[PDB]
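starting from these lines, generate the structure:
(11 chains)
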Amino acid sequence: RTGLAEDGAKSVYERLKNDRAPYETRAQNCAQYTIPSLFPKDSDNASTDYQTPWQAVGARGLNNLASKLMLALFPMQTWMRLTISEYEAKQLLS
Amino acid sequence: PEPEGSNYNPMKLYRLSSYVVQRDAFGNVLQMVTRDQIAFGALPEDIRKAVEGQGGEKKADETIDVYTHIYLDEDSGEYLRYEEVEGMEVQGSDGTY
Amino acid sequence: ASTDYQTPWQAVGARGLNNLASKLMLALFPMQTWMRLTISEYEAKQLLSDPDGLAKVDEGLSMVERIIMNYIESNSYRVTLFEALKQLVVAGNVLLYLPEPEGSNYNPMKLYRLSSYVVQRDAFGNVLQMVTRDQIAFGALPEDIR
Amino acid sequence: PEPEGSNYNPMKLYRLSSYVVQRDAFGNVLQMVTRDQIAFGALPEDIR
Amino acid sequence: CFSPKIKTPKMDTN
Amino acid sequence: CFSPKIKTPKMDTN
Amino acid sequence: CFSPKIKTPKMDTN
Amino acid sequence: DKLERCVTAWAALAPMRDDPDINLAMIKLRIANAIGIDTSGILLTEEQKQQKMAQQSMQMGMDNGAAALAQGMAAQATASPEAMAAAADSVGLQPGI
Amino acid sequence: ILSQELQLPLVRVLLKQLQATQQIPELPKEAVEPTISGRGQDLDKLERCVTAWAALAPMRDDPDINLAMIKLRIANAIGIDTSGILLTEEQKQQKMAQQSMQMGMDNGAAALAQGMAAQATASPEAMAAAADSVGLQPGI
Amino acid sequence: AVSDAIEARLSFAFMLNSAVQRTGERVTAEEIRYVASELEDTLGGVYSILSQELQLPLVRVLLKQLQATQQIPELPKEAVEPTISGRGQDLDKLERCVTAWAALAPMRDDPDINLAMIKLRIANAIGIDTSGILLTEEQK
Amino acid sequence: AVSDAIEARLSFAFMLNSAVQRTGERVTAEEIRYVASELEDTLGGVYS
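Numbers count the residues shown, from 1 in each chain, chains lettered A, B, ... in the order given. What follows is the structure:
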């Protein structure tokens, strides 16, 4: 494989882990103050205890936001529509 | 994943810790790599031959790092896809999107 | 990527901005058609002989704006327009580029932030010239640019 | 349990202290063992 | 020698 | 020699 | 040899 | 909004539909003109009014004629048992049963 | 003063500019324009007459009161132009004739079809004539 | 006091309904409705990106995958998809015409007004496609 | 005060109707319905 795949999939993954590291750090910090188990660290395992944050708005806020986004983007009602160009369709059917 | 008939085919979620994306300033996705830690017994057959054929005896519970590489091809402006395990591309994993 | 943006000590700024852009988005680009193709009444009656012909003229214009509204929704213009409105609240400046549509393919319009373009405009207000910067990878470049 | 005719067939509940499951990082159930402590009289014929 | 309407009050089924 | 209306209640299907 | 009302219930197309 | 205001204003003229003094057409035109809608085509032309009068006349004529024809045609179909058999042979039915 | 300072000169310039480009028909030269926050006033006047005239509706069969006079006074009291509002005597005759003309066609079409249908079904031989006419045929 | 103040502004940012509940004091139903409308409007701000970022790529991939497995008929290649929080908009337009057309019902026997023209303008004013709504002369 | 403050947020996390009832003061009916929907909305996340 040439181009971007010249290094190999694992080689590319390891090189770009450094680029994504600040986003992981921020995600861990955001999880620390909302829901610690939502974004565990790479060193977290089955023995890790997640302390409840001293404030509750973060956990309450994340759950409310994720639920409210879910109803807005994927409701029971159909949220996508297939539309045919009205002029183009009329130029094809009589 | 590609649907197989009427079989239950839930989509796979990758958290940020399990994938990397390279994206230019223009915003185009150049390449994506996903890492799957799958046990040898749970491996797909095609991937399993790659691990078996390379050499060594793997326990059924032993974890295998499967890397799927999706990158922008220079020609035709399409995405070339393949799965890589233990430094070797899996036979039949090559594809395009 | 390594920059951490501190939360402002006061919240009315973020709260006011999001409310402003959302209200601007609702007023400027509502679900109902926000533009109409108007045929000037006197010229039309000078070219057609019956009010029925004028009515079917309005039907064609009504069809055209439905296609335009359908095109805007199908190409995610509202996603790009809302980002532009947010940029206009903080920067007062944004450049919108509408690429030429190739068939019925997905053709979203490109948003340029103030840091990615320059414009020169005379005191009369005319756009003399404007240059945009696209930082595109070699693989992602179009064939002609490549 | 496999339903025998129309007889009463409640499903058995195993608490975390009565079973173990092994799962790879991909999330597949590789294996799982349940522990049943059944008296000799209450055992099924094949187990007895 | 025929009449079309169906007769139901007293006649035998046959 | 013909009659116009359809005959429906008893006529043989023919 | 003509009759005014259209004949519709049983007659064929011809 | 202009159209819906005209309809409500015109619907107010319904109580005086049989008034012999007021020119309701003049009031309807004035109401539409005051609203500001284009008045071209909202009022029926004299030929159009004649056509509507003919159509409702033809509605009663065809509907009465269709009823009158079928009653008369049925009478001739059941005039005699011999003509009774003729109707069956016509539609394809049979008298012998 | 913005009506005189801004609105009216705006309309004055636009009228001449749209006339030079033929976007509006040439004005009769006797057309004046007020800038009014108008036509809505005329509509309001008309709506009052309709409601006031509807108050006269229950008394349509009054043999004493001259309802035509009362309607004219109501219209005058509102202040609208009464030219053409009341039907002229020839207009009332036209409505008188048109009402009779209508059911003349309605009963005429009904009576014509019933006799035409009856004579079409007078005899089976005559009934074939209707079939052969419209393109139908007896023997199917 | 500062804890309540920070929690109050965090609650509005996280769309929590304790924001309309307020820190204390009496509240009214109508204002809670209006301020909740502010919450749902700024809600549109945060998922506007996810429509392009998540909803459209989901539908595009699903359309191709369901076509390859023949679970859906092959698309005419001219069909585009918007992700709209759509069909409900079209239903709303149609319902407006029916109510608007029902307003024309009392004057069904009006000899002056061309009701067919009025219905066409009403349909045009709504903005729906009028092809086939009005019966053609042969259909009538 | 801290007991009530923690019990209040634990009540919301457990979806107890003490959260709508509040520790004290006066409460209106319509405000309860809108915030009851919030409990029904955060209900969606826990069984998802």
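
all the helices of chain C, residue numbers only.
Using DSSP state H, the helices of chain C run over C:12-28, C:41-47, C:51-74, C:77-90.

the third one near chain I at all?
Going back to what we said before, that points to helix C:51-74. No: Helix C:51-74 does not reach chain I (Cβ under 8 Å from any Cβ of the partner chain); its nearest approach is 15.8 Å. (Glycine included, C-beta is placed from N, CA and C.)

quick one on the thing from earlier: now the helices of chain C as TSV including distance to chain J?
Formatted as TSV, these follow (distance: least, Cβ to the nearest Cβ, whole Å):
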stretch	distance to chain J
helix C:12-28	4
helix C:41-47	14
helix C:51-74	4
helix C:77-90	4
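
for the ones you listed, which one sits closest to residue H:51?
Among the helices of chain C, the nearest to residue H:51 by Cβ to Cβ is helix C:51-74 (14.3 Å).

off-centre distance for the closest one?
With Cα atoms, centre = their mean, to the nearest Å as the basis, helix C:51-74 stands 20 Å off its chain's centre.

equivalent analysis for stretch H:42-61, please.
Per Cα atoms, centre = their mean, the displacement of stretch H:42-61 from the mean C-alpha position of its chain is 9 Å.

which part of chain B gets nearest to chain G, residue-wise?
Closest contact between chain B and chain G, by Cβ to the nearest Cβ, is at residue B:6 (50.2 Å).

got the residue ranges for the helices in chain E?
Using DSSP H, helices in chain E do not occur.

about what we covered before: who touches the residue of chain B closest to chain G in this structure?
Taking Cβ atoms under 8 Å, 6 or more residues apart in numbering or on different chains as the contact definition, residue B:6 lies against nothing.

can you tell me the helix or strand for it?
For residue B:6, there is no host helix or strand (DSSP states H and E).

equivalent analysis for residue J:44, please.
Going by DSSP H and E, residue J:44 is in helix J:29-50.

that helix - contacts with which helices or strands?
Applying 3 or more Cβ pairs under 8 Å, 6 or more residues apart in numbering or on different chains; DSSP states H and E, one finds that helix J:29-50 makes contact with helix A:57-73, helix C:12-28, helix C:77-90, helix J:18-21, helix K:29-46.

picking up where we left off before, can you tell me which of the helices of chain C comes nearest to residue B:39?
helix C:77-90 (40.8 Å).

who touches the closest one?
So helix C:77-90 is contacted by C:17, C:20-22, C:24-25, C:28-29, C:72, C:93-94, C:96, C:108-109, C:111, C:113-114, J:44-45, J:48-49, J:51-52 (Cβ under 8 Å, 6+ apart).

selecting buried members of the residues you listed in ChimeraX, what would you type?
Buried residues among the contacts of helix C:77-90 (16 or more other Cβ atoms under 10 Å in any protein chain shown), as a ChimeraX selection:
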select /C:17,20,21,22,24,25,29,72,94,109,111 /J:44,45,48,51,52
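
centre-most residue in chain B?
By Cα atoms, centre = their mean, chain B has its centre lying nearest to residue B:68, at 2.5 Å.

wait, that residue touches residue B:85, no?
No: counting by Cβ atoms under 8 Å, residue B:85 is not a contact partner of residue B:68; they are 9.9 Å apart.

any idea which residue sits dead centre in chain H?
residue H:56 (3.3 Å).

returning to what we had before: of the helices of chain C, which approaches residue H:7 most closely?
Closest of the helices of chain C to residue H:7 is helix C:51-74, at 17.4 Å (criterion: Cβ to Cβ).
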